[PDB]
Amino acid sequence: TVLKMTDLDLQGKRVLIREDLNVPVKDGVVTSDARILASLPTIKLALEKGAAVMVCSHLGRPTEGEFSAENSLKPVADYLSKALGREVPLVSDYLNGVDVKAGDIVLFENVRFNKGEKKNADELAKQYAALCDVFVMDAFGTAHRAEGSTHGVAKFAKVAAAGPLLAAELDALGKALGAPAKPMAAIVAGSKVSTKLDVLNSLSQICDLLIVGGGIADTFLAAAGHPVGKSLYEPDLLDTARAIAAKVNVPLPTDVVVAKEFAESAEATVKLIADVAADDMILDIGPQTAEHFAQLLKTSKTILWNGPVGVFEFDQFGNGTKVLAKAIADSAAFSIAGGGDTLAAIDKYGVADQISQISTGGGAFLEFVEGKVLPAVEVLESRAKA
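Conventions and cut-offs
- Residues numbered from 1 in each chain as written, not as in the entry; some residues may be left out.
- Heavy atoms only, no water.
- Residues with missing side-chain atoms left out of burial classes, pairs and counts.
- UniProt positions renumbered as here; feature names shortened; annotations may be inferred.
- Helix = DSSP H or I, 4+ residues; strand = E, 2+ residues; numbered from the N terminus.
- Polar contact = N/O pair within 3.5 Å; in protein donor to acceptor, adjacent residues only side chain to side chain.
- Contact = heavy atoms within 4.5 Å.
- Pairing = 2+ DSSP bridges.
- Axes fitted to C-alpha atoms, helices over the stretch in contact; angles between N-to-C directions.
- Buried < 20%, exposed > 50% of the residue type's maximum accessible area, 1.4 Å probe, protein only.
- Core = buried A, V, L, I, M, F, W, Y, C linked by side-chain atoms within 4.5 Å.
- Domains from an automatic or database assignment.

The protein is annotated in the PDB entry as Phosphoglycerate kinase from Pseudomonas sp. 'TAC II 18'. The annotation that UniProt attaches to the protein under Sequence similarities (unreviewed entry) is "Belongs to the phosphoglycerate kinase family."

Shown next as structure tokens:
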């Protein structure tokens, strides 16, 4: 339970809003704005509520204590000025005081230039908190970090609350992971079981079908005694995968698309799983597997989508993910999706409108799926109780 900015009285109050404005930038220009688009209703509501608004965010992982022009938020100030129809100044020196009136908005320079940001320094947290009456955390994609402007500031601000976007992401994730409508399917892909072990084990206690992809799928295929050829798997994790497959239904591919190499002389071939050669690379699920998986997805009432099932930027290895994306788009289930490759797949196959919730903050998304405490949410919950 956290305080909500929407439930607050903000008229004439100085409001520091931590947004996730960490967008691609090239040559001083924003080249994609999904994170900014998502945050703008928060910014607009605070202004409508009578606030003096200070927006802050990170950009990249610059060196603390230096100005790095490539990491400056000036392109986001340019963008916000055109989006809001008003000059939105970038404020490059603010920890010692900033002049902002009710009804106005400024954009702080990159919080990660500040010495003490990454390690959550009290001195820095207190300087943030001194600039405002209310601190609002609205950046779910950084909620897994205890940093000066994501966590420390909320220790010391007079009032500390969640923003509308943070609350909405916690709600949707709570919907999919708290007690989901059954049956619940999860798709988890990646290069290694070991690197997503916490995700897999958590979902094993939550979902009813666990569709694995990529190198995770190779280890499950190996653990079942299937040949995976020249495809990455972890022999040491074989017992773990078998334990996971004992806890939850993990359907395995019945057919796959293989190639020996990426070359103009190579052909992409569908084989049954038993016929994978020792020099074949497993690069997509096969058409029978894709049909079976699609039928499973359209029977589910909840879908967690965390990964493609093939190297889909190659069309010869894209059928599995195309079919699965379309199935999720057609399915009656509440679907949530997260992870960079997943969003790329959603964009490529044009199903974004048909996904119930698309999380843009991968790392914090996975931590929430794993059952981890999110420090940014934790500090908000402690403030509310006290």
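Don't stop here, the text continues.
With respect to the helices and strands, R112 occurs in the loop between β6 (105–108) and α3 (122–130). A polar side-chain atom of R112 sits 3.1 Å from the main-chain carbonyl oxygen of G60. The residues touching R112, leaving out its near neighbours within four places in the chain, are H58, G60, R61, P62, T63, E64, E117 and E147.

Moving on, we get to the UniProt feature "binding site: (2R)-3-phosphoglycerate" (unreviewed entry) in the protein. The sites that carry the UniProt feature "binding site: (2R)-3-phosphoglycerate" (unreviewed entry) are, in the present numbering, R35, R112 and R145. Considering the arrangement of structural elements, one finds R35 in helix α1 (residues 34–48). Other than its neighbours up to four places away in sequence, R35 contacts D20, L21, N22, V23 and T360. At a separation of 2.5 Å, a polar atom in the side chain of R35 contacts the main-chain carbonyl oxygen of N22.

To continue, consider the sheet that holds strand β8 (residues 159–162). The strand order β5-β6-β4-β1-β7-β8 describes an open sheet built from six strands, whose pairing is parallel. The sheet terminates laterally at β5 (90–91) and β8, the two strands that pair on one side only. Two elements, strand β1 (residues 14–18) and strand β7 (residues 134–137), share four bridges in a ladder whose sense is parallel. Within the sheet, the bridge partner assigned to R18 lies in β7 and is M137.

Across the sheet, which stays open at both edges, the five strands sit in the order β10-β9-β14-β15-β16 with parallel pairing between neighbours. Among the strands making up the open sheet, the edge pair consists of β10 (209–213) and β16 (357–359). Each adjacent strand pair in this sheet contributes to an overall mean axis angle of 15°, direction not counted. Relative to strand β14 (residues 302–306), strand β9 (residues 184–190) runs parallel, the two sharing five bridges. Residue pairing in the sheet places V188 in a bridge with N306 of β14. Each of β9, β14 and β15 (334–338) is contacted by helix α10 (residues 319–330), which is oriented at about 145° to β14, the strand it contacts most. The sheet contacts of helix α12 (residues 362–369) involve β14, β15 and β16, and relative to β14 the element is tilted by about 130°.

To continue, consider the UniProt feature "binding site: ATP" (unreviewed entry) in the protein. Residues given the UniProt feature "binding site: ATP" (unreviewed entry) here are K196, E313, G339, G340, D341 and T342. Taken together, the annotated residues stretch across 147 residues and extend over separate regions, lying up to 22.6 Å apart by C-alpha. Mapped onto the elements, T342 comes out in helix α11 (residues 340–349). Under the relative-accessibility criterion, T342 is labelled buried at 1%. Contacts of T342, omitting those with residues within four sequence positions, involve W305, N306, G307, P308 and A337.

Attention now moves to the environment of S194. Its location among the elements puts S194 in the loop between β9 and α6 (197–204). Residue classification places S194 among the partly exposed positions, given a relative accessible area of 35%. Taking the C-alpha atoms as reference, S194 lies 9.8 Å from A241; in sequence the two are 47 residues apart.

Of all hydrophobic cores here, the largest spans 61 residues; its most connected members are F108 and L210. The element contributing the most residues to this core is helix α5 (residues 164–177), with five residues. Split by domain, the residues of this core number at least three in each of domain 1 (1–163 + 373–386) and domain 2 (164–372). Here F108 is in contact with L16, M54, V55, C56, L73, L90, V91, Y94, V98 and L131, once residues within four sequence places are set aside. Residues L8, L21, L59 and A77 belong to the second largest nonpolar core, which totals 30 residues.

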